[PDB]
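Asker: Sequence first, structure after, both from an experimental entry:
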Amino acid sequence: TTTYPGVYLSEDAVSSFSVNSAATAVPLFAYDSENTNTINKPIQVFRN
Amino acid sequence: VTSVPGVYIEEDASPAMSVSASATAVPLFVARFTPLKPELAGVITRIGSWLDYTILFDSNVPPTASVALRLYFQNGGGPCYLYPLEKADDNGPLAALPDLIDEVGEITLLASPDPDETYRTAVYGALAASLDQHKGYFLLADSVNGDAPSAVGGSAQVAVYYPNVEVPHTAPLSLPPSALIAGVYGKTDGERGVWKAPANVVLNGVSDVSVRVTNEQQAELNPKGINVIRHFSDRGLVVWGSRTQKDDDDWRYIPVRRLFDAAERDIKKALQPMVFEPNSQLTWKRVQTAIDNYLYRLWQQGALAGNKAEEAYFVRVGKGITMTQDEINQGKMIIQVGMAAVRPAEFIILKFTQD
Amino acid sequence: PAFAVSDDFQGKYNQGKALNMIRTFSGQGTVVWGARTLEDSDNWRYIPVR
């Protein structure tokens, strides 16, 4: 809008875009439900 | 106009102008204090150093506002403001806050050194509306835990520094790092300028971080961009990462955001003396030149990422280009200007080969 | 000037007719502000073009 006199300023609307590469390797493994020497938690997350 | 023959004297008056730069520093703090005089209760006050703070205000005994403010001066100098308020939900002066910041023309950064969450999030929502009419603000924020705060959801001007920093005092007390991280922006613009991302700068005087972060959860927190205070063995504590909140390729970096924020505020302050002049052609070439001689000086000191050609600016103000006849009648001017900023260099990749 | 007007009270009185307030800035002071005549037609506005 252009209500009052003075100095207005606008900027750009849209910019460029590009794709980011990958991760390429995140596996999930096969636990066994009847197993005993383990935790009863179904989903575990291990990082290293 | 001339009747008696005599000799008449006359000069040529013109608003011919140029643009000069100010500093991008000196914020205000909106924590709670204890003033000494009743007129210092609810008005903005300029503080020059640590000496005159001890005259107007006091250091009490139980109380973290006096500790968090002296760490600002040990890192970087410069004056600062402060706005004392007592009650978090006192929406009287909180509504009366944003119409006091505009009358002082300088304010650039925004922060709050208060520890708890109920006081800070009441502040951050009070002046969140005053960020999107493009007057030139850039606030700072802290995170209560592993994810960003939601009082300002997605904006081009925030910055989050995750792990809070402690400090010894007679059990050491914790401190939200939004106070002392404002002072480290006052050193980078001194010698290096605005267009350098503050990362390798070293925090000046601290014991240790509160929680020790490692590289395997640095990988998770460096997207959804929030920054991090790191600890190293040889050089001690250091700030790390210079990414803003919203992650399109338009503005993902602190300096590219803060370079366009400072280049606008210097040319907008000097076009204000010429705001009612006629829209003829000799005014157009005088404005287009004073903008041309501002980006050229800023180009040849290493801040616009252009090569040895001229291609860093295309400021044009003509009538055939960039305008036409029918918006002259509803008096307008259009300044199409554009830069090509420089990006910080992270992720250096070597890729040795045999030949 | 006896009053301090606003930044936006100029805004709603800029169309239709031409209140043309007198507002004081920092630096330059007590200056006049706005040159508009009573009609809004694209031939006759802008007091200097009259």
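Answerer: Yes, it's here. Numbers count the residues shown, from 1 in each chain, chains lettered A, B, ... in the order given.
Asker: Which helix or which strand is home to residue B:211?
Answerer: Using DSSP states H and E, residue B:211 sits within no helix or strand.
Asker: Setting aside sequence neighbours, what's the nearest residue to it?
Answerer: Residue nearest to residue B:211 in three dimensions, not counting chain neighbours: residue B:163, with 5.7 Å by Cβ to Cβ, 6 or more residues apart in numbering or on different chains. Bear in mind the C-beta positions are built from the backbone N, C-alpha and C, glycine included.
Asker: For that neighbour, list the residues it contacts.
Answerer: B:177, B:209-211, B:213, B:228-229 (Cβ atoms under 8 Å, 6 or more residues apart in numbering or on different chains).
Asker: neighbours around whatever residue of chain A ends up closest to chain B, how many?
Answerer: The nearest approach of chain A to chain B comes at residue A:15, 3.4 Å away (Cβ to the nearest Cβ). Residue A:15 has 9 neighbours, counted by other Cβ atoms under 10 Å in any protein chain shown.
Asker: circling back to that earlier point, now which of the contacts of residue B:163 would you call buried?
Answerer: B:177, B:209, B:213, B:228-229 (16 or more other Cβ atoms under 10 Å in any protein chain shown).
Asker: ok, which residues in chain A are in contact with chain C?
Answerer: For chain A, the residues in contact with chain C (Cβ under 8 Å from any Cβ of the partner chain) are A:3-5.
Asker: Now neighbour count too, for these, in a markdown table please.
Answerer: Output for the residues of chain A next to chain C, formatted as a markdown table (neighbours: other Cβ atoms under 10 Å in any protein chain shown):
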| residue | neighbour count |
| --- | --- |
| A:3 | 14 |
| A:4 | 18 |
| A:5 | 16 |
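Asker: Let me have the residues you listed in a markdown table, extended by distance to chain B and secondary structure.
Answerer: Shown next, in a markdown table, are those (distance: Cβ to the nearest Cβ, whole Å; DSSP: H, G, I helix; E, B strand; the rest coil):
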| residue | distance to chain B | secondary structure |
| --- | --- | --- |
| A:3 | 12 | coil |
| A:4 | 11 | coil |
| A:5 | 7 | coil |
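Asker: Closest one of those residues to residue B:338?
Answerer: Checking these against residue B:338 by Cβ to Cβ gives residue A:5 as the nearest, at 25.5 Å.
Asker: Residue numbers of chain C in contact with chain A?
Answerer: Proximity of chain C to chain A, by Cβ under 8 Å from any Cβ, involves residues C:7-8, C:10-12, C:14, C:33-34.
Asker: Which of those fall in helices?
Answerer: Among the residues of chain C next to chain A, no member falls in helices (DSSP state H).
Asker: Max pairwise distance over the residues you listed: which two?
Answerer: By the measure Cβ to Cβ, C:12 and C:33 form the most distant pair in those, at 15.1 Å.
Asker: the more surrounded of these two?
Answerer: Ranked by neighbour count (other Cβ under 10 Å), residue C:12 and residue C:33 place residue C:33 first, with 17 against 12.
Asker: ok, now which ones touch the closest residue to that one other than its chain neighbours?
Answerer: Spatial nearest neighbour of residue C:33, excluding adjacent residues (Cβ to Cβ, 6+ apart): residue C:23 at 4.8 Å. For residue C:23, the contacting residues are C:1, C:5, C:10, C:31, C:33, by Cβ under 8 Å, 6+ apart.
Asker: are any of the residues you listed buried, and which?
Answerer: Neighbour-count burial within the contacts of residue C:23 applies to C:10, C:33; the criterion is 16+ other Cβ under 10 Å.
Asker: Tell me how far residue B:233 lies from chain C.
Answerer: Computed as Cβ to the nearest Cβ, to the nearest Å, the residue B:233 to chain C distance reads 52 Å.
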